[PDB]
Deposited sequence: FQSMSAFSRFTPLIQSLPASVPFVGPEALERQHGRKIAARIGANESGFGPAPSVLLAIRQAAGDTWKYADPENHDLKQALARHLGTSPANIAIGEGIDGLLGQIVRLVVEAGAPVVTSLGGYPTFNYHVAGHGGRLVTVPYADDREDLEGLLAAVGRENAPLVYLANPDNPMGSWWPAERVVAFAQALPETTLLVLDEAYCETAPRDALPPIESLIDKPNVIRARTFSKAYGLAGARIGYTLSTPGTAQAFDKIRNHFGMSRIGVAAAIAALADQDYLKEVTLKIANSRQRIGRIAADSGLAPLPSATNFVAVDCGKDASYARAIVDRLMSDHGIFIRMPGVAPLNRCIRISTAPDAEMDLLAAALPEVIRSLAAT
């Protein structure tokens, strides 16, 4: 505005619609909230109990060392807490990673149409984004490697499994990619979808944990059902993990969120149950898509990408009509040819039943 402070940095001077904003725009409530990959299955009953029990302690700051959470993670994962950093979701950690490495004008390599929050952080720190097209619906490992080399980029992003296509690579291919990078380039390996992936997609911890130039990011926001709590963590060498202590808000963690995450980790039975429900919902979405003449894509995530078989304007019309006519909130990718697709999050049966009724009608109404 004309009212802004006149001496923001030159970078600052040069610089997704959420579901609540959609409701305000459309003047209606969302009937199926299946567009942001939030887990409507919810966190475990034991986690809800832990939150309610923790409420009375919310006057205290969280432990700035995150000791109990790091220990719990370390015990679960079979690695040391010295290898672990805690942050405000993967999104918060991604911002910190960009800050740690990216100077104004530095090139940063990612996939064309890949996870947009990463791109937001890169731009906000003055990085120059270098994008690599997907190769047959997968993030192109060989192409990412070459772009890094061409630019001598200090940072590269890979999500495995991928958002928004839901695709994945075998662990051995991801490891080979990571090992091939120059040690002067940091890889952030975004494993937001660890919990829903086939085990053979995920590198063993020991395969990468000694590399100073690899950091892996995981979250409680997806399968664990705690998106609103903002708890993420990274796995790296201890020297790389320690760097977060130079630039993090030490008391920044939500005390209730940390309690919830510790409880979530403890309830592996619930995680097993919910991941089976997510898988079932992926199959249901695939059936619904196919019944409407669309092409669902294989997925290792908590959503299904669906190829709508025409162009981007058709996919957009489907998203908009689902919201306008049925109060169904989905999303779509933002670049060709990925944007031939829509992306539908998994959900309980009530939402699936609504989607099953609505999607054919939308497709019929567009013909």
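Unmodelled regions of the deposited sequence, numbered from residue 1: 1 to 2, 18 to 22, 375 to 376.
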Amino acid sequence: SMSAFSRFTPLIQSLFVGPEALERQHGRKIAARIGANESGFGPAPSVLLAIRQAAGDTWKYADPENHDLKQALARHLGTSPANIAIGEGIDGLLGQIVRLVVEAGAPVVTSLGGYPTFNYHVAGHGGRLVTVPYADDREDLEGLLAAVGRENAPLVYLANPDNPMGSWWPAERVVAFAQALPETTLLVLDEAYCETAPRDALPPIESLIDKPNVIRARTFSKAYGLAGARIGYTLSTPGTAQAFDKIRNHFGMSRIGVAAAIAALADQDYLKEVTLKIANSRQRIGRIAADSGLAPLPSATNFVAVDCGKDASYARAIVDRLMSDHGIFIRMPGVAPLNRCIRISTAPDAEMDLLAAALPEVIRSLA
From here on, numbers count along this sequence of modelled residues.
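When 244 to 252 is weighed against 196 to 204, 244 to 252 comes out higher, by mean CA B-factor as recorded in the entry. Here 32 to 40 and 310 to 318 are compared by their mean Cα B-factor, and 310 to 318 comes out higher. The residue among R218, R138, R99, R284 whose C-alpha carries the highest B-factor in the deposited model is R284.
Looking only at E191, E142, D291, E88, the residue with the top Cα B factor in the deposited structure is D291. In the deposited entry, the Cα temperature factor of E151 places it in the highest third of its chain's modelled residues. When all modelled residues of the chain are sorted by CA temperature factor, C341 is found within the highest third.
Among the modelled residues of its chain, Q53 has a C-alpha B-factor that falls in the highest third according to the deposited record. Per the deposited record, the Cα B-factor of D267 falls in the middle third when ranked against the other modelled residues of its chain.
For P164, the recorded CA B-factor ranks within the middle third of the chain. Only modelled residues enter the ranking.
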